[PDB]
Every structure is written in structure tokens, then in C-alpha cells.
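Novice: Have a look at this fold, sequence not included:
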RNA sequence: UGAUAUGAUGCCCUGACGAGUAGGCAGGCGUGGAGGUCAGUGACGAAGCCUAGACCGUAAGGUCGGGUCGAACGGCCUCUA
RNA sequence: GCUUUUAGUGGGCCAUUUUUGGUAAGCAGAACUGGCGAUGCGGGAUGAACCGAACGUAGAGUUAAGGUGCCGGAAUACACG
Ligand SMILES: [Mg+2]
Ligand SMILES: [Mg+2]
Ligand SMILES: [Mg+2]
Ligand SMILES: [Mg+2]
Ligand SMILES: [Mg+2]
Ligand SMILES: [Mg+2]
Ligand SMILES: [Mg+2]
Ligand SMILES: [Mg+2]
Ligand SMILES: [Mg+2]
Ligand SMILES: [Mg+2]
Ligand SMILES: [Mg+2]
Ligand SMILES: [Mg+2]
Ligand SMILES: [Mg+2]
Ligand SMILES: [Mg+2]
Ligand SMILES: [Mg+2]
Ligand SMILES: [Mg+2]
Ligand SMILES: [Mg+2]
Ligand SMILES: [Mg+2]
Ligand SMILES: [Mg+2]
Ligand SMILES: [Mg+2]
Ligand SMILES: [Mg+2]
Ligand SMILES: [Mg+2]
Ligand SMILES: [Mg+2]
Ligand SMILES: [Mg+2]
Ligand SMILES: [Mg+2]
Ligand SMILES: [Mg+2]
Ligand SMILES: [Mg+2]
Ligand SMILES: [Mg+2]
Ligand SMILES: [Mg+2]
Ligand SMILES: [Mg+2]
Ligand SMILES: [Mg+2]
Ligand SMILES: [Mg+2]
Ligand SMILES: [Mg+2]
Ligand SMILES: [Mg+2]
Ligand SMILES: [Mg+2]
Ligand SMILES: [Mg+2]
Ligand SMILES: [Mg+2]
Ligand SMILES: [Mg+2]
């Protein structure tokens, strides 16, 4: 009959990254987490303790607790037509600080600067982001570059 | 003599008769709506009878008006009849079916006096 | 056709008139839809709606609950408005003076109000003294202190109070309510 | 009370000022438009003179028509069609072209026809089938006060102020464009020109971006 | 008499009628599941600063 | 009560857009354009007629 | 596909920082309108060079009219096409008064004789044959003889009325 | 809500929308009996029945004429099965 | 945005794409979507599921998919083979 046990289906998911097996480098343990931090969940197959269930692989969430070897992470998992709050106890080997907010934090700090520098000159800011715009007109020169004329080519084989 | 109205449009003048009321005597013409699972009528298959729906409802302006333009109002006696005294361009009296012949001559008489229209004056007339 | 993004012919879901058949109530509404239409004062809109409320959505306001609201610093001289009935609270020993506009006052509640030298005003009387609802304090009763609400949301680990007729031990206290028998909730 | 001709004069006189402002504005736009067109014409000529090639700025504005009926549509395009406010057949709206819209158009290509509208067809779209959304309620335009009332805070006190905001894709294009109810077009009076519609334009069909050929279509549907 | 075994067919039409309601974020989320030693100290910590701000309005 | 098309009704055409009067008057829709004779470079014509 | 026009289409890869002014390629395309023509360009361009519309730019589009539209020409024509069971190169000769008219009947011919639709054909070359007796296929050579004259036997006049009172004559 | 005229659940302006089994709800039609009312109808003809005659209603149904008939019966506000 | 309460249902079937068993099946079993079931209307002669298009009562216009020798509304139309 069917087999649904805890780690079922996880063969390549928890696999180790080619020529990356062995001890986990020490920086993983030197990193520091605080409540509110945003972390990414990726299981480390070499660490059997404190392991995320496969559903939370590739999932990002927030730290609600900090403990000796571990951090608690809340995740919104959707079951049915709704989301429920999930609380995960994970060891620090399966967690990584997320860069998902990095550009935003960067963009804020840069925005404050441009805004002060603007006020201190005068007004004229425009700090909202804008989508790719269509190109403006342009003039392309034929000097040194005269159009080469191409035709489609006949059927061949070379086997 | 009737209050002026827009042209009266009836919009479906044909009677809505029960499906198969024409097929079996046991089925009256009175409208009744098909609940059947397979029924072609309930499913509106092209070629069948049409069913009542609110779209057919008459214009609020001319609704209830008769050909003459008056709304008809049932009348038992003179007192009833006199409730139309101030509206003769709106309502017409229809004399109740059970009013006696001799009484009908009195209602008609007062009707004339008041200029109130009567829809069935020839009823029970001794002639 | 239209690919409809929203359900068609949907009633707003809000009361329009009260469901009540009482003339006097229907007159007060007559008063306040007028007031709400012409005064631009937000108070009148809030009152007009409240009159539509069914008995459950208008819990009584205690006379002691009133007394507490005038202890807000700055509010002592405002006239409290209760759209609903006012009930007496035996367990306050000193009631301020003030003024209360209500739909109903219980015998003992208006007595207490009146014995401190206060006033009991009907909402139409309040209307004439304060067409814009000036200097008014609106009080609402505790809706969810009702008994039925205890049983709402019943389920495993919800802490929510079973619908039950008899109580005491050996009524729905054993398997599922304690670690010893089966499991617990 | 006076008010007889008294506040009728204070009104009529003020009405005359607004028409005046509108005259010199529409007079300006006309100058703007034709010297913009002349300038591109001469750009192209001067480039050939230089032995070069003048390439135009890619279009910043397109006009989409829903070409497909309401049933049997996959959910993803279906949402997009809603977000672009095309919920029934032959109804159409204006779209500003950026990466984050152009990708939307991509998703709905099989169900719509679109291209680059000329000043001419924008003008006749609005004068005839142009309506505003005012407390919903789809109000016909028909008088300039209706616009000034609702779009006034952005500038835009006339019907041609509107048109100008659309075609130039102005700073206030979002508010201008959303103000206009989706246009309700009839079927084309010529017909579709193709034997079957639900092929792409390039394949002999009606859908996707037919570019400047959108004007011939819409004008026959308007 | 065998019959259908299982399907997800139509299940997401249903889910989407009233649904897929976003998580409903709150300011001040619950402390549930937080380390007890921390919470114990946090408790006294708050009591002290509470007393402190009442000493400001003394 | 009944919508009137500016493009068919000169009354309301002039109601919206007062510029319509001078547009029609200065004739404006048929405007002639300045005549210039600038000519295309040999490179342009050569590559046009190229193979 | 339609009544054809011939377009010059010129395009290039988008300018990079380290490669501004990329190399400018041209194709001559037969299409009914500029929308199809630009499409076809990118079609063959992606078959040759590393580009696609998204990373490229159309520099110029231009229609090329016949130099001598009233002069009769013998066109040699070169084509690649797909059959049901394989793909093949052909050479046909067409005689007409403009390139654009020639490509019209080519496409008709490929449809009629080899059952090739428009998608399945590549025009390899179209070029005027300058000296007669470089003319190869004889369904053309036939028409190059001196003092050429032929009749049109058995002529059918189209009737405008359903009935006729005469009986007809095919004389010409 | 402004009286001095007649519906405030009313009256007036405006916009959008209309498929439907199982099923929910709403507003209405019709019947036997009950409280109230119109000092209701009737032996100078109640009720009933007949009638490719008439009229009102989208409809359930309502109203009239004519024929037959012979002792009782109906409108409205409410109650009830 | 939020709360309560309750019906029916808990035999399903089909189409494009992915796809398992089977020589195969108008066979048996999954995936995503769209459909039929509950749904008429135009087209495919005919037909649950295809194409087009989703329905209040109507007037005028224009179209879709599909057609225009005659049955049958609409060129015994034009053009190259
Ligand atoms: Mg297994
Ligand atoms: Mg262990
Ligand atoms: Mg039945
Ligand atoms: Mg049937
Ligand atoms: Mg059935
Ligand atoms: Mg209690
Ligand atoms: Mg024991
Ligand atoms: Mg838009
Ligand atoms: Mg026509
Ligand atoms: Mg024509
Ligand atoms: Mg066809
Ligand atoms: Mg038109
Ligand atoms: Mg079984
Ligand atoms: Mg079976
Ligand atoms: Mg089953
Ligand atoms: Mg089983
Ligand atoms: Mg319905
Ligand atoms: Mg009704
Ligand atoms: Mg009843
Ligand atoms: Mg009864
Ligand atoms: Mg009748
Ligand atoms: Mg009658
Ligand atoms: Mg009789
Ligand atoms: Mg009788
Ligand atoms: Mg007897
Ligand atoms: Mg009753
Ligand atoms: Mg339920
Ligand atoms: Mg049940
Ligand atoms: Mg249930
Ligand atoms: Mg059940
Ligand atoms: Mg399908
Ligand atoms: Mg099967
Ligand atoms: Mg069934
Ligand atoms: Mg269905
Ligand atoms: Mg259907
Ligand atoms: Mg399809
Ligand atoms: Mg036949
Ligand atoms: Mg015919």
C-alpha cells in the first residue's frame, strides 16, 4: 500500500550539493538571529536534528523566538481556502538570513538621502520606482556600417 | 372623456395556457409551471409555448386602463358609486353582478347625474 | 454577456427602517432621518442607524456604566445619549447629576438619575436641545456579554463552552475532557 | 432678493471666461500637435540626407478591443481582461505601454485586438462614445463642466483637455483614463476583413497587435 | 461495483468563491511558544517600566 | 434626456470646444505644408535598390 | 498569403555599452503589409544570427517599387520548401511584368502543384534573366520566339440573362 | 415632512444589471372556519353550473354580460387550519 | 472587514494538453484548466460535452462560427494552377 512517512519523496531535496558534502563551514554558526528577522528555510541533510519538514523547503518566514541551538519561525501555510499560522522550531543550519528585503532597506536609505539633498536644494524629487519605459527616438549612422543583405539558405544535410 | 394617456401597449395579448392543457382533459388551461427534469418547456426549446416572466409587465402609465382609458371600479349601490364623484376622468363604475334589476335603474340614474361612466349599463335592462 | 466580477442584485445588508412596528419608534425615525438629511452633523447619522438596531444589538446601558463615562477628564458636563434602555445599578453608591437621553429608563434607573437631581430626556427632547448633537456622549452596551455568545465558535482547543442542559460532574466532563480518560479536548 | 439677472450675470460672465480659457488651450494643442508631427517628418528626411536612419520612439500608448466573447476563457487571461476593464465583447480601453503592461497585453493576445490610435480616432472615440464614471453611474460627457467638476484638480477643464491628456500620455494619464468608462463599440461595419478572427493578425486573423491598422478597425466599430 | 477513487477536480473553483483569504496580520502578535525564561524576565521588566511612567505623572 | 453627437450636431459641437469655429474658418484641416527639397544620400538609395 | 508588396527591412541588435553601433543587417521581404514584413524579418534573422525581436531593433522599413513596371521580364526564381515527407530546393522560371507579380503566382504555383502553403516556403532568390537563352525551362522559352502569334479557339461569352433566344457561337 | 388635498412602506432624479436543476429566501394568488367593519349583495332572484361573448393582471387569478337556477352570500383589516 | 445559523450534495461524466495499466476499446485510472450535468440560442444535416455565443419584453442596425448551383437566406463571383 501507499507510503506517506515524514521524509518520503525527499530524495534529491535533502541531497548534499555535488562536491559540497561533509562538515558545515563555521560561518553558519557564527551568524546571529533576532526576533523579527526574515529567514529562508532550506534543509541540510547532514543535520538530522531540528530539521524542517519538506513542505517548508524553499519557504520564507519570520523569527518569533530565539533559543540555544535554534530559532522559531512562523510561516503562513495555506490549507483549504485559508491561511493558518505555522510555528517552526529549526536549528540554525537549516535557516539563512534573507536578502528578500535588502533592496528595500537599501532603497529606503538611499531615498532618505535623495529627499534631504532635494529639500536642501529645492523640491524636485521623484523617488517612486517606475517600469521599463519604451525607447526614445534615435539616429543610427550608416558610416562605417553599411547594411549587409541576408537571404534564407538552401536545404543541406551534412550527416 | 378620459384623462389623456400614452398609447396603450399590451405586449403579449395571447393567454398563457398550461403545457398539455390541450393534450388531456384532466389538465386545466390555468397557468402552472413545469418542474420536470427533462421537460422541453421548462428548458425553453425552440418551438414550444412561452412562459410568463416579468419582462412582459405592462407600462406603469397605462397599466390597469381599459380601452376607454378609465380604470374600472366595482359598485354595489349609490354610496359606492358616489365615491367616484370627483374622479370621472379616471375611474368608471362597473355594477356588481349580484345587484338587483330595480336597483340598477337607480345607480344608472345617479351615474348620469354625476357624469360617472358605467361599464355595463345594459345589464338586467327590461326592454 | 458580461464576465461579472461581482455578485449581481445584492442587497446592501444593512437595515433601512427598524423591523419594529411601534408608532412611537417610527416617529423618532421620522424625526432623525430628517435631521440626518439636513444637518450634516455626523451624530444624527449614527443615531438614525441605531434606532434600526434589533434588541440584541442594543444591550442595556447600566446606570453605573453611565457614571463611569463622566469620569473621563473633560467629559463631566456632557449629556449622555443611550439609544436603547437604561438600567439601574445597585452597586454604585454615588451617582452624579447630569442628563440622560434614552429610549427607555427602568423605574429604578430613572429614579436614581432623578434623585441626584439629574434629568431623563426622550430623544426628541434631546433633538430640540441639540440638533447637531452638541455636547453629547453616546454610550453603547456590552454586546458580547450575552449568553449565546459563549457557545459560538465551539470546537477542539477553543475554550468555548458546550451547549448543554443539565450540568455538574458526569455531564460531558470525561473522555476528551481530561488526560486520564482518552485525551483532553 | 435680487438674483434675477443679478447672479445670472455673475454666472454667465464667469461662464464666458472658462470658454475663453478653453479656446486658447485648444488653439495651443493644435499648434503642439502639428509641429510635433512636422518635426518627425523632417527628422526622417534629414536623416536620409545624412545617409542615416531615423528610428521613432516606440509607441507609449495603445488601444485594446476585446474581440472574444465571455465563455471558455482560462483563468489567468481572464483576470487580466478584468483588470484592463474589458468584460464584454467589442468594448475597449486605452493602455499606457510599459514593461508591466506590455506583459499583460502578452497574456491576452488571443482574446483581443489592439494597436496605436491616431489623434483622429481618439478624438472621435471620446466625442461620440465617451462617458465618465461619477459615483459610478456612467455619465455621458456632453458638457465640459462635467469634466472640470471631476477632473478639474488635475488641470483638464474641457473634453479636449481630456483628449490631450490621453494622447500625450500626460502626468495624470491614470486618473484621466480611469475616468472614462470602457468604450462600448459595435461590430465593424465593413466586417472583420478576415475569414476567421481567432488567428493572430500576422497569420491572416484578427488578434494581437495590428499596430496602426487598429484605426481602420475601431473607426468601423465606432 | 467499483467507482471513482479520487480527484482534485473543481476543488479550486470552490476554494476561490469565498476564498484564499490573506493571512490577516496584527501589530503585537502573541507570545505563544516563546522561551519561558525570557518571558518571565520580560514580565518583571515591563512591570518596572510601568511603575516608572506612573512615577512621571506622580 | 437624449445624447447628442458633437460630430453630427454643430450646435453641441460648438458647445464643447469653442475652437471649432476658427478651425473651420481658417480652414486648418486642409493646411498646406512648407515646401522643402532636401534629398537622400547616395548610400540610402544604393542600399534601397541593392539585392 | 495576400497581394504582395516588397519591403526593405533593416534591423540590428540593441546597442550595448561595450558594443554601441552594432552591425545593421538588411533583408528584402515579400509581404502584404509592414506588420507581416517585420515579422518575417525576425523569422529569418533568428535563423541566421544570434538575435530575436526582444534583443533587436527594427531600424528601417521601406517599400521598393518596380523599376520598370510596364516592361515584360523573364524571372528566374529560387525556392526552398517542405513537403509532407521532406524538404527540398527548387528553381522555377516566371514571366511577368514586376517582381511583386511574379512572387504572387509562384505562391499560387507551389500551392497548386506541390500543395505547399505559405508557411512552408522560403523565397531564396528572385532575379531578372538578362540574356534570353539563359532561360532554361521551356514553358517560358515557348514565348520568346520571333513574330509570335496565337489564336484563342472556342470562346465563351458570359450571358447576362438566364434565357437566350439565339443559340450561341464560339467563333472568335 | 412645508402647510391649505388624496398613498413617507410614499413621491421625484440617476446609473448598472436580468441563464438556471437541487436548494434558500422574498412578494403575491386561491379555499373551509373565526374576531371586526362596510347600518355590504339578495325571492324585483343568493349560491352553483353552462357559454371558440367582454374587460383587468407577466402570472397564480380577478371582474362583467347572457343562459340555467332557487336561499342564502361577498369586499376590506385581522385570526385560524 | 466581521458574526451567527441552516438547505441540498457527498454515483458524476466529457474535451485540449501532461499521463499510468492494457495489443486495444465508445476500456480502466491520475494532473491542470475549461465544459456537460443545471443551458436555452446560431453553426457542425442528425447528436449531452466540438465551433460561436450564454437568455427580461421589443424596434432598427451590425456581426460571430458557418455559409452563398437548386433544395435555402446569400456572387452558376473574380483569379492562377
Ligand atoms: Mg509508493
Ligand atoms: Mg535522536
Ligand atoms: Mg405538473
Ligand atoms: Mg425533453
Ligand atoms: Mg436532464
Ligand atoms: Mg455572566
Ligand atoms: Mg483506571
Ligand atoms: Mg488601463
Ligand atoms: Mg453590409
Ligand atoms: Mg461598402
Ligand atoms: Mg469559414
Ligand atoms: Mg458605426
Ligand atoms: Mg461497491
Ligand atoms: Mg465505473
Ligand atoms: Mg465516490
Ligand atoms: Mg480503493
Ligand atoms: Mg433568474
Ligand atoms: Mg406582485
Ligand atoms: Mg390569502
Ligand atoms: Mg381564509
Ligand atoms: Mg376572456
Ligand atoms: Mg367589461
Ligand atoms: Mg341572468
Ligand atoms: Mg344566479
Ligand atoms: Mg326551496
Ligand atoms: Mg390573514
Ligand atoms: Mg451548511
Ligand atoms: Mg444533512
Ligand atoms: Mg451540510
Ligand atoms: Mg453531509
Ligand atoms: Mg472544451
Ligand atoms: Mg474510462
Ligand atoms: Mg443529477
Ligand atoms: Mg452547467
Ligand atoms: Mg450552453
Ligand atoms: Mg478555441
Ligand atoms: Mg432537397
Ligand atoms: Mg437563394
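Specialist: Cool, the structure landed. Residues are numbered from 1 along each chain as shown, chains lettered A, B, ... in the order given. Ligands and ions are numbered 1, 2, ... in the order given.

Novice: give me the number of residues near residue 143?
Specialist: Looking at chain A here, since you left the chain open. 10 (other CB atoms under 10 Å in any protein chain shown). In this view, the C-beta of every residue, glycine as well, is placed from N, C-alpha and C.

Novice: actually chain G
Specialist: Neighbours of residue G:143 (other CB under 10 Å): 13.

Novice: what does residue D:208 give?
Specialist: 22.

Novice: same question, residue E:25
Specialist: Residue E:25: 7 neighbours (other CB under 10 Å).

Novice: And the residue of chain A that's closest to RNA strand I?
Specialist: Closest to RNA strand I within chain A is residue A:82: 9.3 Å, counting by CB to the nearest atom of the strand.

Novice: no, scratch that, I was asking about chain F
Specialist: residue F:2 (12.9 Å).

Novice: circling back: for the residue of chain A closest to RNA strand I, what are its contacts?
Specialist: E:19-21 (CB atoms under 8 Å, 6 or more residues apart in numbering or on different chains).

Novice: Beta-bridge partners for it, please?
Specialist: Residue A:82 has these beta-bridge partners by DSSP bridges: residue A:79, residue E:21.

Novice: Run through the residues that contact residue C:122.
Specialist: Residue C:122 neighbours (CB under 8 Å, 6+ apart): C:101-103.

Novice: Now that we have the residues you listed, which of them are buried?
Specialist: C:101-103 (16 or more other CB atoms under 10 Å in any protein chain shown).

Novice: Give the closest residue to residue C:98 in space, chain neighbours not counted.
Specialist: Among residues not flanking residue C:98 along the chain, residue C:118 sits closest, at 5.2 Å (CB to CB, 6 or more residues apart in numbering or on different chains).

Novice: ok, the one you found to residue G:151 distance?
Specialist: Using CB to CB, to the nearest Å, we find residue C:118 at a distance of 126 Å from residue G:151.

Novice: Residue G:37 too?
Specialist: In terms of CB to CB, residue G:37 sits 42 Å off from residue G:151.

Novice: more neighbours, those two?
Specialist: Taking neighbours as other CB under 10 Å, residue G:37 and residue G:151 compare with residue G:37 leading, 24 against 7.

Novice: That one - that's part of a strand, no?
Specialist: No: assigned with DSSP: H, G, I helix; E, B strand; the rest coil, residue G:37 falls outside any strand and is helix.

Novice: what's the burial count for the residue nearest to it when sequence neighbours are not counted?
Specialist: Excluding its sequence neighbours, the residue lying closest to residue G:37 (CB to CB, 6+ apart) is residue G:31, at 3.8 Å. Counted by other CB under 10 Å, the residues lying close to residue G:31 total 21.

Novice: so what's residue G:31 bridging to?
Specialist: Beta-bridge pairing for residue G:31 (DSSP bridges): residue G:5.

Novice: Please verify my assumption that it contacts residue G:4.
Specialist: Yes: if you go by CB atoms under 8 Å, residue G:31 and residue G:4 touch, sitting 6.6 Å apart.

Novice: now the strands: where do they sit in the chain?
Specialist: Reading this off chain A. A:38-41, A:59-66, A:70-79, A:82-91, A:95-97, A:138-141, A:148-149 (DSSP state E).

Novice: let's do chain G instead
Specialist: Taking DSSP E as the criterion, chain G carries its strands at G:5-13, G:25-31, G:56-63, G:73-82, G:87-96, G:121-128.

Novice: Show me what counts as buried in the first one.
Specialist: In other words, strand G:5-13. G:5-13.

Novice: relative to strand G:25-31, how tilted is that strand?
Specialist: Angle between the axes of strand G:5-13 and strand G:25-31 is 150 degrees (criterion: axes from the mean of the first three to the mean of the last three CA atoms, to 10 degrees).

Novice: Equivalent analysis for the fifth one, please.
Specialist: An angle of 70 degrees separates the directions of strand G:87-96 and strand G:25-31 when computed by the same axes, to 10 degrees.

Novice: Mind listing what's buried along strand G:87-96?
Specialist: G:90, G:92-96.

Novice: And for the fourth one?
Specialist: Along strand G:73-82, the positions that meet the burial threshold by neighbour count (16+ other CB under 10 Å) are G:73-82.

Novice: With the last one instead?
Specialist: The neighbour-count check on strand G:121-128 (16+ other CB under 10 Å) flags G:121-124, G:126 as buried.

Novice: now do the third one
Specialist: Using 16+ other CB under 10 Å as the burial criterion, the residues of strand G:56-63 that qualify are G:56-61.

Novice: Redo the residues you listed as CSV? Include distance to chain D.
Specialist: Output for the buried residues of strand G:56-63, formatted as CSV (distance: CB to the nearest CB, whole Å):
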residue, distance to chain D
G:56, 12
G:57, 7
G:58, 7
G:59, 5
G:60, 5
G:61, 10
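
Novice: just to revisit the earlier point, name the nearest of the buried residues of strand G:73-82 relative to residue B:54.
Specialist: The shortest approach to residue B:54 among the buried residues of strand G:73-82 belongs to residue G:82, at 61.3 Å (CB to CB).

Novice: Identify the residues contacting the closest one.
Specialist: Going by CB under 8 Å, 6+ apart, residue G:82 touches G:88, G:116, G:120.

Novice: Can you tell me how far it is from residue G:1?
Specialist: Residue G:82 is 16 Å from residue G:1, by CB to CB.

Novice: With residue G:51 instead?
Specialist: Residue G:51 sits at a distance of 24 Å from residue G:1 (criterion: CB to CB).

Novice: for residue A:141, same thing?
Specialist: From residue A:141 across to residue G:1, the span is 35 Å (CB to CB).

Novice: and those two? which has more neighbours close in?
Specialist: residue G:1 (18 against 13).

Novice: Touching, that one and residue G:120? I think so.
Specialist: No: checked against CB under 8 Å, the pair residue G:1 and residue G:120 is beyond contact range at 11.6 Å.

Novice: so how far is stretch A:19-37 off the chain centroid?
Specialist: 17 Å (CA atoms, centre = their mean, to the nearest Å).

Novice: same check, this time on stretch C:152-169
Specialist: Centroid displacement of stretch C:152-169 relative to its chain, using CA atoms, centre = their mean, is 26 Å.

Novice: first vs last residue of that stretch, how far apart are they?
Specialist: Stretch C:152-169 has an end-to-end distance of 23 Å (CA to CA, to the nearest Å).

Novice: Is there any residue in it that contacts RNA strand I?
Specialist: Yes: using CB under 7 Å from any atom of the strand, stretch C:152-169 comes into contact with RNA strand I via C:152-153.

Novice: for residue F:50, what are its contacts?
Specialist: Taking CB under 8 Å, 6+ apart as the test, what residue F:50 contacts is A:147, A:149, G:26.

Novice: of those residues, closest to chain C?
Specialist: Taking CB to the nearest CB as the measure, chain C lies nearest residue G:26 of those, at 45.9 Å.

Novice: Just give the nearest non-adjacent residue to that closest one, would you?
Specialist: Per CB to CB, 6+ apart, closest to residue G:26 is residue A:147, 3.9 Å.
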